[PDB]
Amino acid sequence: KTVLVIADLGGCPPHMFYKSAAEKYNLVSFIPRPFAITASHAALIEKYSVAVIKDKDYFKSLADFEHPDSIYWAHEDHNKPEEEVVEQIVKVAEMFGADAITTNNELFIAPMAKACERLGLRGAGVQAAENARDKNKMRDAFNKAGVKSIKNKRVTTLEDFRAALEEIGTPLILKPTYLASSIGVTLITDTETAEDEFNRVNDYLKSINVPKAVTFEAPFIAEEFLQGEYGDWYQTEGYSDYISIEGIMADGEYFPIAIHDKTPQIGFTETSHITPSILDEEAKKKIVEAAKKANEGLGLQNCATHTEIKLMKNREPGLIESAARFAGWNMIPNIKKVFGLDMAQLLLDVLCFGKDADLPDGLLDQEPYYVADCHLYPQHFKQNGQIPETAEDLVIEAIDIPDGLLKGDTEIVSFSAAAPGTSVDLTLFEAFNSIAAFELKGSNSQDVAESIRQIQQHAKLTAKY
């Protein structure tokens, strides 16, 4: 079978996705945004695809033929309306007789779904995909679906916000409806400065770049802050009061695969994911039910899912959001390391063969150990005191992890720091701003989580200010 991949940022990382897919399928890659593609990404696409097609228009000169090493968020304009994007996708599919279409990138989910339906291929579902991508429609579907419901309001203007603040009460979450990576997500707790904080993130939001193909009924959503209750859920310290759960939708039914525990965020910036969760079978069961309800509630037909859930009092799961694509970072690879299951090949099996694919019957179990995928950020070294506070940028010489920080049988499997000499802007959003990454392994989750904490605390940065 021939699988068209719409190749862009995020989701199951290029280092796993292309090889896993090409092992069983003939991959054709469409690159709608050549400028979104790193050098390493471009070499993987070419290595594992039998054809590659790029959007011609985003080539003006030779300088446009260069690949950067790192892209944190795509900088350049993409001003084609959705229906045109659908048309490009359909055209590529028909050029290569694609039996399936898939993507790892948020921004192309909606149009891909329309293409699949036009082509009679399996997909997220047209309306379902819109639900999965506009947070107001998403939250509305969740409320209808009988999971924990919370007050939410569309916000466009200062007046909209002020209303919302009255109706919802603090604590209040205000976030854009159409981005990711916690971009813009703000916690309103003080009715005094609440309008001020609306104005600042309002302005910030029109300086970020998204394709014109990204539709939304309002710029912001305000909603009840879902309060954690860590102790109603976890028996030991080390984790946080949210998780993610990775699943597959197949012919409209939800198949859970694995729940990931997390380390505490910095602000709303994520720090680490641990495959798989230490939570007890009853907690996992409650999480699974909420994610089933939410995703089936969205209407999703065939796709991967990444669903984020707040661990609230009385063991109530609160739906934070759900995406119709794979978890980012190394969560999908780490599922394969732990359990041997290749969720990328499993999605493609489902797209090409439906419930004929070999879907597990429940969350995977019998993990031989735990694996943590962890990032460090400048803000860790501001909190460390390694970076002075009065510092709007720096230039990075080295990042070192002192010995003696690991608990129990935990190990450092890998570690990679921003290359010596790397320039760092210290004004920009942490999430774009990771400067080091590491993988731990160990038989004891609590020890793994403690080792992550120690490493965050004691890592040594050498830079010049």
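Just count from 1 along the sequence shown to find any residue number.
According to the PDB record, 165 to 173 carries the higher mean C-alpha B-factor of the two stretches 356 to 364 and 165 to 173. For the segment pair 88 to 96 and 72 to 80, the entry gives 72 to 80 the higher mean B-factor, averaged over Cα atoms. Based on the entry's C-alpha B-factors, the most elevated value among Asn105, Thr275, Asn202, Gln265 belongs to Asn202. Ranking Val210, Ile320, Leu347, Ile245 by the C-alpha B-factor listed in the PDB entry places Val210 at the top. In this PDB entry, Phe429 carries a Cα temperature factor that places it within the highest third of its chain's modelled residues.
Per-chain ranking of the deposited C-alpha B factor places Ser40 in the middle third. In this PDB entry, the Cα temperature factor of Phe216 sits in the top third of its chain's modelled residues, the highest group. Among all modelled residues in its chain, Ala398 ranks in the highest third by Cα B-factor. Annotation for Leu62: CA B-factor lies in the highest third of the chain's modelled residues.
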